[PDB]
Structures are given as C-alpha cells and as structure tokens.
Amino acid sequence: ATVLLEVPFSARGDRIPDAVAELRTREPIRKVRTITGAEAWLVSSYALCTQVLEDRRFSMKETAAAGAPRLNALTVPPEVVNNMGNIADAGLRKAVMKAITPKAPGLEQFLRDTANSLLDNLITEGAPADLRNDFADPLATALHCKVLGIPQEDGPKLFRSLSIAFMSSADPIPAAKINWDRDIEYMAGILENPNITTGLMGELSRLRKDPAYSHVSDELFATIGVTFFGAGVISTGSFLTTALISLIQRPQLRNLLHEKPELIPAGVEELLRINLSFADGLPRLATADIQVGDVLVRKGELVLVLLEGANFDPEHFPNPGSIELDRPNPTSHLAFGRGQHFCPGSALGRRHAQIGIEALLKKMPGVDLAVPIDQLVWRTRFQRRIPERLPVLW
Ligand code: HEM
Ligand SMILES: Oc1ccc(-n2cncn2)cc1
C-alpha cells in the first residue's frame with residue numbers, strides 16, 4: 001500500500017521534477033494531500049490552470065473560511081486573504097496601482113544606481129559574493145522602501161520578518177503574529193509621520209485625511225503598507241535570485257544578453273515563464289460544483305493551480321525547458337497569475353529584474369557559480385523556492 005501523493009514535490013528551484021510532466025499528460029487534475037493533511041485537487045496543464053484562475057467560483061477569499069481544507073496555515077488575519085478585494089471596496093485600487101508602477105520619475109535611475117552600488121561593493125570585497133543576500137534581496141528591499149516612501153534604513157528590519165511571514169506551515173506560527181503586529185504598528189506610525197510624503201504611503205497618508213475616505217479603516221491603510229512591502233520584496237527578491245541561477249546555467253544566453261542588452265526584456269519574460277519561485281500551487285476554494293477536465297470538483301474543495309504545470313506545458317509552450325527569445329506568445333505564461341487576482345506589481349517586478357540583470361551583466365560579465373549547483377541549500381516549508389545563499393565568482 002502507498003499513501004496519496006503529497007505536495008509540494010520538491011523545494012529545489014533549479015530543476016522541474018519529472019512527476020510534473022507525467023501528471024500533466026496522464027492526470028492533469030488529480031487528488032493530492034497537502035502539508036496540513038487536507039486533500040486537494042492539483043491542476044497541472046495550461047488549459048485547466050487557466051480555467052480555474054479565470055472562474056471566480058474558485059474563490060481566493062473563501063480559502064480563509066474556518067473549517068476549509070487548507071494548503072497551509074494562515075500567517076495573516078483571515079480578512080487579509082481578501083486584501084485586494086478590501087482595497088477595491090475602499091475605493092483605493094487605482095491609487096495603489098498608480099503608486100507601484102515603475103514609471104515614477106527617477107525610480108528606474110534609483111534602481112540602477114542601487115544595483116551598481118551593491119555590485120561595486122561585492123567587487124571591492126572580492127569573490128565569492130552571495131547574490132541573494134548581498135544583491136537581489138537588498139535591491140528588492142531598497143526598491144520597496146522607495147516605492148512606499150519609507151526610510152531606506154527601515155528596510156532591513158521589515159525584511160527580516162519575511163523568512164517567517166512567507167512560511168508554508170502545517171500549523172499557525174507564533175512569530176508571524178509577533179512580527180505582523182509590530183509591522184502594522186510601524187505602518188500605522190508612518191501614516192501619522194509628516195515626513196512621509198512620497199510613494200505609496202505618502203499617497204495613502206493623504207487619502208486617509210480626504211473626506212471621500214474618512215470611513216476607510218486605519219487598519220486597512222496600515223495593512224496595505226505591510227502586505228505590499230512583504231509581497232513585493234519576497235516576490236522580486238526570490239524571482240531575481242532564481243532567474244540569476246537560470247542565466248548563470250546558460251552562458252550562451254548570458255553572453256547574448258551582455259552583447260545585446262536590448263534583448264533583456266525578452267530574456268526576463270522567458271525567465272518568468274520558467275521560474276520555479278512559487279513553492280506551492282495557488283489555492284482556491286470551490287463555491288459551486290464545477291467540472292474541470294475529467295473531475296467534478298465539489299463545493300468546499302480546495303484546488304491548487306500549479307504554475308509550472310501551465311508554464312512548462314508543451315501544448316502551449318513547445319520545447320518548454322528552453323529559453324527562446326522569439327516565441328509568438330511570450331507574455332501568456334502564468335508567472336503573475338491570471339484573472340481576478342493577477343499580480344498588481346507585475347510591471348514593477350519585470351523592471352526590477354531587467355534592471356538588476358542589466359547591471360549585473362555590465363559589472364560581472366563573467367559571473368558564474370562558485371560552488372557546484374547541487375550545493376545550493378533550498379529553503380523548505382516556504383511559499384517561495386530560494387537558495388539560502390547564492391555563491392558566485394566572476
Ligand atoms: C517577479 C515578481 C512577482 C511575481 C512572480 C509575482 C507573482 C504573483 C502571483 C502569481 C500572484 C497571484 C496569486 C494568486 O492568484 O493566488 C500575485 C499576486 C499578488 N502580488 Fe505579485 N508577484 C511579483 C511581484 C509583486 C510586487 C512587486 C508586488 C507589490 C509591490 C506584488 C504584490 C502582489 C499582491 C498584493 C498580490 C495579491 C493580488 C490579489 O489577491 O488580487 N507582487 N503575485
Ligand atoms: O495580498 C497579500 C496576501 C498575502 C500575503 N502574504 C502571504 N504570506 C505572507 N504575506 C501578502 C499579500
């Protein structure tokens with residue numbers, strides 16, 4: 001006898017497990033058991049992942065209901081799972097989206113100057129360098145302090161919450177409450193701080209005192225600061241780190257992009273497509289009985305949308321393991337999700353990776369791993385796949 005197939009399959013972010021293609025071909029929706037012991041439907045083809053993500057009867061908000069089958073334990077309060085819905089209901093969606101575009105005057109030059117400073121510091125210190133802790137994550141943190149309008153020197157303490165806040169745990173995490181309550185108190189103080197006049201928190205601070213938003217709660221304003229910092233920093237730092245592995249493992253492409261930097265946006269879109277940064281399928285709870293493939297999903301059941309299942313599906317992306325800069329469908333991957341919950345930071349996340357890669361390739365054209373690839377240590381039981389250190393030489 002064996003037990004039901006367990007997810008996730010592997011915390012490694014540098015290779016896709018052969019099980020994914022076997023599932024996708026033979027059983028593109030099939031039952032699995034999550035780390036909590038709950039059963040779920042794992043969906044692994046492009047067609048069925050898109051069907052679930054575009055049908056709001058597969059609800060994100062409902063995953064937080066008491067008694068639901070769970071992928072993992074909540075690390076935020078249950079109403080915060082509906083964060084974008086609460087931002088939309090408060091009349092703040094357009095304002096939030098406007099503040100986190102990468103097109104803000106000076107923002108790109110700030111990102112390039114920051115990237116070049118971090119790189120020069122590594123060059124001065126000498127190889128080996130850790131491109132996660134001393135490049136990708138400080139670049140993500142500096143970017144998000146600038147986009148929020150908060151002091152750069154407050155970035156490192158806010159960042160140190162994230163190794164707990166983005167855990168994928170079977171059980172509630174006492175330190176995630178301690179750090180969440182402290183980080184909310186910090187954002188509530190930012191909203192009362194007259195020095196904060198720029199970025200997303202300077203905008204929220206003004207709208208909080210405008211009569212049209214006098215009944216939006218202070219808790220929501222503070223929650224937008226904590227969630228957009230945390231989601232943006234973990235997501236951009238982790239994507240850029242694993243994209244740098246994928247580039248270092250393709251010297252032919254590295255060299256192409258160094259020679260023709262105008263191809264960096266196409267290269268980043270393929271690095272998004274092949275990225276294994278999300279450690280778990282995206283969860284949704286069915287609110288109706290819905291046919292998906294050969295399965296009738298029942299109301300109340302959990303569905304998990306496996307992004308690499310869609311993004312490596314050869315029916316959509318032929319030769320899916322290869323980075324090809326001339327595909328006819330290059331932005332149709334699911335790396336930012338799809339539908340109602342498509343990532344609101346997508347443009348910012350693209351620009352952070354394009355600028356970090358352009359800066360790295362000009363400063364360290366010979367960048368290579370300084371350890372054999374199997375020696376990277378992959379974080380476990382986390383919502384992202386990331387190596388704990390990324391040692392390189394150049
Ligand atoms: C390359 C970087 C990024 C990747 C790969 C990424 C990926 C994703 C994905 C896959 C979703 C959909 C989750 C779902 O449907 O269940 C999502 C949602 C989200 N992302 Fe991003 N993200 C990135 C950067 C950002 C940035 C820069 C921010 C903010 C500054 C951000 C904020 C959010 C938020 C707040 C949501 C929830 C949206 C909702 O619930 O409607 N992300 N992201
Ligand atoms: O809109 C958001 C929802 C959940 C999160 N987090 C999930 N784990 C940690 N934060 C961040 C933003």
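Ligands are counted one by one from 1 in listed order, and the atoms in each one are counted from 1 as well. One is the number of the first residue; the rest follow in order along the sequence. Side-chain atoms are counted along with the backbone in the values below, which use heavy atoms only and exclude waters and symmetry mates.
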[options]: member with heavy atom nearest to [atom]:
{"atom": "atom 10 (N) of ligand 2", "options": "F166, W180, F382", "value": "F166"}
{"atom": "atom 6 (C) of ligand 1", "options": "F239, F228, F336", "value": "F336"}
{"atom": "atom 42 (N) of ligand 1", "options": "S238, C343, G345", "value": "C343"}
{"atom": "atom 3 (C) of ligand 1", "options": "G349, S235, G230", "value": "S235"}

Q: Could you find the nearest protein heavy atom to atom 2 (C) of ligand 2 and give me its residue, atom name and distance?
A: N83 ND2, 4.0 Å
Q.
How far is atom 3 (C) of ligand 2 from the closest protein heavy atom, and which atom is that?
A. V80 O, 4.4 Å
**Q.** Side chain, backbone, both or neither: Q383 near ligand 2, heavy atoms under 4.0 Å
**A.** side chain
(Q) Test of understanding: given a 4.0 Å heavy-atom threshold, classify the contact between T75 and ligand 2 as side chain, backbone, both, or neither. (A) side chain
Q: Hey, can you tell me if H144 and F229 have their rings parallel, tilted or perpendicular (30° and 60° cut-offs)?
A: perpendicular
Q) Between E79 and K61, is the closest basic N to carboxylate O distance under 4.0 Å? A) no
Q: Could you tell me whether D289 and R298 make a salt bridge, using a distance below 4.0 angstrom between a side-chain N and a carboxylate O?
A: yes
(Q) Here's one to test your reading of the geometry: is the NZ or CZ of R384 within 45 degrees of the ring axis of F382 and under 6.0 Å from its centre? (A) no
(Q) Checking contacts now, so for atom 7 (C) of ligand 2, which I'm interested in, is there any protein heavy atom under 4.0 Å? (A) yes
(Q) Within the supplied structure, the quantity of interest is the number of heavy atoms (other residues, nucleotides, ligands) at a distance under 6.0 Å from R56 CZ; does it exceed 12? (A) no
Numbering the atoms of ligand 1 from 1, which are under 4.0 Å from a heavy atom of [X]?
{"X": "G232", "result": "26 (C), 27 (C), 28 (C), 29 (C), 30 (C)"}
{"X": "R284", "result": "14 (C), 15 (O), 16 (O)"}
{"X": "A335", "result": "5 (C), 7 (C), 10 (C)"}
{"X": "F278", "result": "7 (C), 8 (C), 9 (C), 10 (C)"}
{"X": "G337", "result": "10 (C)"}

Q) Donor-acceptor pair, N193 side chain versus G189 backbone, under 3.5 Å? A) no
Q. Where the side chain of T34 meets the backbone of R70, is there a donor-acceptor pair that is under 3.5 Å apart?
A. yes
Q: Heavy-atom contacts with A165 under 4.0 Å: which atoms of ligand 2 show up? List them by number with element.
A: 8 (N), 9 (C)
Q: Please could you name the atoms of ligand 2 that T227 approaches to less than 4.0 Å, counting only its heavy atoms?
A: 12 (C)
Heavy-atom contact check, 4.0 Å cutoff: does [X] meet ligand 1?
{"X": "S277", "answer": "no"}
{"X": "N83", "answer": "no"}
{"X": "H144", "answer": "yes"}
{"X": "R350", "answer": "no"}
{"X": "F229", "answer": "no"}

Q: Spell out, yes or no, whether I35 and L42 are grouped together once hydrophobic residues are joined by side-chain heavy atoms under 4.5 Å, including indirect joins.
A: no
Q. Can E203 and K209 be said to form a salt bridge (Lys or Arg N to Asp or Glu O under 4.0 Å), step by step?
A. CA-CA 10 Å; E203 184 62 28; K209 295 306 188 189; over 6 Å; no
(Q) Here's a test for you: under side-chain hydrogen bond (donor to acceptor under 3.5 Å, both in side chains), which of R273, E269, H316 qualifies with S332? (A) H316
Q: Take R250 and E270, measure what salt bridge (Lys or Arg N to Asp or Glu O under 4.0 Å) needs, and give me the verdict at the end.
A: CA-CA 13 Å; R250 293 173 167 78; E270 279 287 272; over 6 Å; no
Q | Closest heavy-atom pair and its distance - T101, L107 | A | O-CD2, 3.7 Å
**Q.** Nearest heavy atoms of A359 and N116, plus distance in Å
**A.** CB-OD1, 3.6 Å
Q: Using a 4.0 Å heavy-atom cut-off, say whether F342 meets ligand 1 through its side chain, its backbone, both or neither.
A: neither
Q: Could you see which bit of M84 sits under 4.0 Å from ligand 1, with heavy atoms only: side chain, backbone, both or neither?
A: side chain
Q: Show your reasoning for whether salt bridge (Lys or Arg N to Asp or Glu O under 4.0 Å) applies to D210 and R206.
A: CA-CA 7 Å; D210 184 289; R206 287 188 297 274; over 6 Å; no
